[PDB]
Amino acid sequence: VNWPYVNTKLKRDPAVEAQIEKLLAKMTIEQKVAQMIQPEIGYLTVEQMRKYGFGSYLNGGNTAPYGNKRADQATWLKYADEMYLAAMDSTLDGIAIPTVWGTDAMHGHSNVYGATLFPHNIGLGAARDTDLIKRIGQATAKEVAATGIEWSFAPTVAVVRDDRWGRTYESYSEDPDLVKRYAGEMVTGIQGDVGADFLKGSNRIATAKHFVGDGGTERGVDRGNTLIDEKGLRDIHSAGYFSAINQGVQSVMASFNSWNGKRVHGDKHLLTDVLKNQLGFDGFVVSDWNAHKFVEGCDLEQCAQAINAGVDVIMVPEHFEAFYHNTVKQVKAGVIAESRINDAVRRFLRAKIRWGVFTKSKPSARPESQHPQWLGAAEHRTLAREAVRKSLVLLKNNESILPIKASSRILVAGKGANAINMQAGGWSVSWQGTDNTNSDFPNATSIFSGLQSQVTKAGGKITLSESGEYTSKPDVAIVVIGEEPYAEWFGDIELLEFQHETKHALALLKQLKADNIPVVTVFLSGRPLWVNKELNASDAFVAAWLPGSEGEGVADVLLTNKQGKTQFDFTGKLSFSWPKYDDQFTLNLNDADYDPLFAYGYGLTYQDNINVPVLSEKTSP
Ligand SMILES: [Ca+2]
Ligand code: NA
């Protein structure tokens, strides 16, 4: 199987390469290995950084620096300075190579309190807007820079084929063509375009995740087994990497899944022969969180096989010290070649040096560190609100009930009506999102709050009641319902029916319908789900995905302006096929037998006059 060479734009900088060779020539085995190890701040001390001079360290997201839950910019920058100076202290370890701080950036700088939260990828995919993606990358780079961090993990280029996976919402589309179109835009948004501005100023080092096939696991099991021939791995699951590598992405993260029974992190064919030799990726490979422990023969404290397979930087958040000493002994034992550690360090230094770790000042003194307002900037929330508007997909709008006159009397109901944690989903300040409350999102706007602001301005009347209680009978009920927030395997499911165990939202919808109140359903989810029953109980139904912090984007489209005219029409179109039956687990565009309820590319607008009939509510045995 032949893979195409896709590193066609980025040319090496001879000055940078000169510096790498001079450094390598004088470094000890110990110093080289230190560059390859990445501790996490929950476990790392400044003293350990001084002693070892690790090449990077991770903002894992579970705590702010110094243990704070929330921290001023000055506090982030103080922590960054301390680590930077400890690394530049050549005492103890014998060299002065600046370290860098890295962070995951799932939908903005989303581990961080106060960050703008953009819609998760599935909704961005619905938007079909490459320019939007690039601008989101640019905004994200600034918000990351505002915390003193040089390196962010984004884009996520999974191509998801089975929506049972709990990470489905992290994917732009089931369609590789769409992911390919997007991936390079996010990379250049973050890093800058190849050329004079490459990696300059507020631009960050980027990592494209995850290589490869994590969206193709059997039954959508998280970290499961991807059963597909190599041509399929190339043509379906690698499309995002073609454009990300072509745009010069500096880092690639290896994936937790297996391919035909073998863990990717231990697969030299994938991580070296395919990624580096055939595709031509010239940057560095980073592993995922303790992913090395799952490779055959490896454990938390040792994994020569992953290194030998082509991993260049090991994400070992807690066991880094023992991992360090073991790896050094393995190089000395000859079971990890010096040529291999040399190549790992070359690729990693290539990123740090070209970004400018030797030429820029300490973190707190850098120009991109002088703008605390970048974190959650008004301009970025305006961008996110645009993304929200464009992400919404109108599935049903019977008798053109939408858009609703802003001057009407409206009831807003449903568990998601005023719950920012549900609209944001997982990877939002916290991992699962379960414990988030509205106060964890300063300057965000709930869906109710957005509607209320516009209805009040238009002289209408609005009421919030999750359970649908009212005093004055409304002209219409907007009911906001959906999945609870989740991340990773917590979100893996076996059944496609929404709330199959309780049907709590359905009871609410039927209650309102029984009172002859017109119902507009706003559905929050990380994926299409089987919702025929809820659709039947709705006059209109909107797939809003996981819109993030800017909930007023929903009001912008659903409501008229004050004069009663349309302000924004729907523009979004499905990037994942919507199931007609509760057992349509792998429903994908181009499938031989393709029978979706609503196809890839479907999405109504106010210009349509289409009614959706009552649908079958039969479920499988
Ligand atoms: Ca699909
Ligand atoms: Na050092």
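Atoms within each ligand, like the ligands themselves, are counted from 1 in listed order. When a residue number appears, it is its place in the shown sequence, counting from 1.
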Next item on the list: Return yes when at least one N/O/S atom of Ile95 is nearer than 3.0 Å to the Na ion (ligand 2), and no when none is.
Entry: yes
Note to self: Does the structure place the NZ or CZ of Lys352 under 6.0 Å from the centre of the six-membered ring of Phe284, at an angle of no more than 45° from the ring's axis?
What the structure shows: no
Note to self: At a threshold of 3.0 Å, where the distance has to be below it, does the Ca ion (ligand 1) have an N, O or S atom of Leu589 nearby?
What the structure shows: no
Next item on the list: Examine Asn588 and say whether one of its N/O/S atoms is closer to the Ca ion (ligand 1) than 3.0 Å.
Entry: yes
Check: For the Ca ion (ligand 1), which N, O or S atom of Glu174 is at the shortest distance?
Finding: OE1
Next item on the list: May I ask you to check if any N/O/S atom from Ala87 comes under 3.0 Å of the Na ion (ligand 2)?
Entry: yes
Notebook entry, point to check: Taking all non-hydrogen atoms of both residues, which atom of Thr226 and which atom of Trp259 are closest, and how far apart?
Noted result: O-CD1, 3.3 Å
Next item on the list: Look only at the side chain of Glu82 and the backbone of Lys78, and say whether a donor-acceptor pair between them is shorter than 3.5 Å.
Entry: no
Next item on the list: Given salt bridge (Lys or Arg N to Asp or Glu O under 4.0 Å), test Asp229 with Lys231 step by step and report yes or no.
Entry: CA-CA 6 Å; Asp229 61 14; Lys231 291 185 178 177; over 6 Å; no
Margin query: Centroid separation under 6.0 Å, is that true for the rings of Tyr169 and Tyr486?
Written below: yes
